[PDB]
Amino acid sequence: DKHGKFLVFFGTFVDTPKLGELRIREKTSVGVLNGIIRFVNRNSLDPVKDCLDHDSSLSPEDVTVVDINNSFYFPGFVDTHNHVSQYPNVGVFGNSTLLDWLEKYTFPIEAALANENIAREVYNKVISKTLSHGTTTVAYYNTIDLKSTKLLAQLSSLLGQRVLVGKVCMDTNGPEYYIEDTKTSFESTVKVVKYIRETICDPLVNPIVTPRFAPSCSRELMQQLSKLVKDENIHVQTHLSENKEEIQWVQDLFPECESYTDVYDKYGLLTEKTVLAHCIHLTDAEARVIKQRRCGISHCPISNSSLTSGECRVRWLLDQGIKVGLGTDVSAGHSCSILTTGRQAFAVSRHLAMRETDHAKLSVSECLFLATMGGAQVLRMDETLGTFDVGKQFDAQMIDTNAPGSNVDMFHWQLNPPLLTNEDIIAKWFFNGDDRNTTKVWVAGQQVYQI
């Protein structure tokens, strides 16, 4: 417990304050107190003194120095879309696309998690594992089950991860064994919001209203949830425009609306704090509504490729001023790692570019931005998360490119044969790094994970 203890981290700090830039600050001291960054001084020669200089009420005994060659601090990753409840099925989907995959794998496993023993095991695994890949903040879709969603929020609080925890709402078009009625779906959402806000009462743990997607939610349910969302100022997360059959289904189910996006817009679910997952097949008009309502987009490339859903036009969305983050979308996406997700966003943008132009391509720096600040923007937490800056939360991971077992190698003579830049080193971690390189993770200035 670091609360009340003035921390100063010294070393190399890497982050992405603006899309496309990679800020590398060597020999830098970052002061952290009660989870908040108090100063960032480049070329610190005296980290303790940097603290004493910052606050004269401090003495050397009040300061804890943390000493970071091959190693840097990077912001915690933000996973804007993760069905923790589906984790048992990562890698398991065969040749299926979305709607068959829902029927065959997802409703079965989500229902199975009504058993608290299974859920508790799954939740502990996924929180620990995403932490070990550097994910400090995650928006979790759970299941329709109230009790298990509360437990997920409890264990999130316990383990120190920053989360939004959603009870999934489904009152239409689900199997009888895995469906709610409208009143239950709404009221259990009210309860879960209350329990998280008033009982869990933890700044790291937030509720999020989770209409599964338009085919699963009646007009009445969506309007009720929308009123809850407006009155209680709650985040929202749902899927949008992922798969063409899904899109056709939505059109068939809501012919009074202009588009899938218009369904959510008309029944009140598009807000500054709505996280829209996938958003592949959007029309220009749909993207314009999303912009006007200031919703954020969770880009889930692994899922989109594995389910043959399509290619998210990330550049096209960014070019319109829509904020974009990354989501693992477990389990449609097999990986718990936003780093892995980032690498695939990089690849997906190039499949697009092969037919569009180079413009569609995302750089390493941009994907890392999406993996951190982008997600914070989507969650509307970018004033407090995503970069090493004064006032922001110390959500951070230590990256050691020479941690044991690392696939990120560098030869001494790279650091007149060609030499690596600092940017190159970051790119080697981006492409070949994994959890083994994330050796420590901090959330809110607390260490929550140690390799």
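Numbers for residues come from their place in the sequence shown, where the first is 1.
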Indicate whether the chain is continuous between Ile68 and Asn69 or, if not, how many deposited residues are absent from the coordinates: none, 1 to 3, 4 to 9, or 10 or more. 4 to 9
When you step from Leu415 to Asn416 in this entry, do you jump over none, 1 to 3, 4 to 9, or 10 or more residues of the deposited sequence that have no coordinates? 10 or more
Out of 366-374 and 175-183, which one has CA B-factors that are higher on average in the deposited record? 175-183
Out of 158-166 and 113-121, which stretch has the higher average CA B-factor listed in the record? 113-121
Quick tally, chain-level thirds of C-alpha B-factors: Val275 sits in the lowest
Compared with the other modelled residues in the chain, in which third is the CA B-factor of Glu311? lowest
If you rank every modelled residue in this chain by C-alpha B factor, which third holds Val190: lowest, middle or highest? highest
When the deposited Cα B-factors of this chain's modelled residues are ordered and cut into thirds, is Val40 in the lowest, the middle or the highest one? highest
Against its chain's modelled residues, does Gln393's Cα B factor rank lowest, middle or highest third? lowest
